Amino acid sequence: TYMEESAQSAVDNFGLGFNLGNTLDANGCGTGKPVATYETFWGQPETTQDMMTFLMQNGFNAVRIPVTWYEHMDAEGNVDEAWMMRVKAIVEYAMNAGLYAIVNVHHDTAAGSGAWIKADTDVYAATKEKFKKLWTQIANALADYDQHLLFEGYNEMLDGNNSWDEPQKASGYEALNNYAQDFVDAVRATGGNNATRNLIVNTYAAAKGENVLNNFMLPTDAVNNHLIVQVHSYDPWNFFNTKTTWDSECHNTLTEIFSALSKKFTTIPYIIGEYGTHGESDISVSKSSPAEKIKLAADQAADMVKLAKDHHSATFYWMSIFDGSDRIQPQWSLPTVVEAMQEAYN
C-alpha cells in the first residue's frame, strides 16, 4: 500500500545507502542483445534477491539502481519490454527487502559514447519529447510500487564538450533546468502514486560549485514537499592518490560542501547520491589496496555519513564496499569501511 510521505521523511529514512553501480548502467555492447549481456558487460554478476536482503540485513536502508537506457530504446523511444521487466525485477528485489530504492537515467548523460541528454539548448530541443516519452514509460511501468521507490530524472548532465565543473555557455543551465521540469511533468502526468511520489533532480554534473548551485532552478511541482536535489562528491578530487590520511584538509573540504548545500537548499532536502575514493582515471580502493589506503577509504566514509546525518541528508556509496564476486556470496568487499560507516551513523 502506498503511504505518501514528505521528501524529507524519505531522506531521513534512507540511512546508509549503496549504489549498485556498473550493473544496469553498463553499456556499449550495442542494441538487441540479451538482457544479461548488458548487466554483466562491465564485470558485475547478475543481480539477485539475496543481494538486496543482504543490504537490509547488514545495516543499509536504501539502494540506488543506476540504469542506462539508450541501447534498450528503438528509434521511436520505446523501451524493450524485456529490459523494462528486468529493471522492474531488480526494483522488486529492493522493495521485498524493505529498502528504499532509486531508479534513474544514467549513462544517457555525461561523457560516454551514446549519451544523448546534454546541457545544451539545441540538444534539449531535439530530445525533450524522447526524454518525456522515456519517463512516461518508466513512470507507468513502476507506477504501482509504494513510497519506498523514488525516481531520479538524470545522472550527470554535461554540456556538449563534457565540461565537468560548469557548462562553457551559461545557456547550458536552461537546458538542464528545462529537462528537470519535463521529468517532473512527465512523471506527475501519469497520476496514481506518481502524483505524489518523491522525485530527485540533479545539479549540472551533479556538482556543487557556486555557479552550478546559483543557476540551478528547482522544478515547479503541483504538490508540495515531494522533490529532493542530488549532488555527488568525490572531494577533494583525487585524494585517494594524493593523501596518506583523511586529514584536516579533507574534513574541512566536506564540511564546507555540506555548509554550502544546507545554505542553498533551505526548502528541500538534498542527498549525496554518490561518493567514494574514485579519482583520476577512476582509480579507486580495492580489498587488495594497502591497509593504509583502506583506512583512508574507511575514514572518508565515516565522515561523509556523519556529516550527512547532521545535515538531515543521506549518502550512497559508489560500488567499492560490495563488489564483483563478493555480491554473489553475499559478503562485503570492504568490511572495515562498512563498519566505519555503521558506527558513524549510530
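Note that residue numbering follows the sequence shown and begins at 1.
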query = Which has higher Cα B-factors on average according to the PDB entry: 78 to 86 or 118 to 126?
reply = 78 to 86
inquiry  = Tell me which stretch, 182 to 190 or 100 to 108, has the higher mean Cα B-factor listed in the entry.
reply    = 182 to 190
query = From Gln44, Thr277, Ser281, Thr48, which pick has the Cα B-factor that tops the rest in the entry?
reply = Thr48
Criterion, highest CA B-factor; candidates, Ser333, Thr23, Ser9, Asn19 = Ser333
key: Modelled-residue ranking by C-alpha temperature factor, third containing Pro66   = lowest
task = Give the position of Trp246 by CA B-factor within its chain, expressed as the lowest, middle or highest third.
result = middle
remark   = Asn202: CA B-factor among chain residues, third -> lowest
query = Lowest, middle or highest third: where is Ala195 by Cα B-factor in its chain?
reply = highest
query = Which third of the chain does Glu92 land in by C-alpha B-factor: lowest, middle or highest?
reply = highest
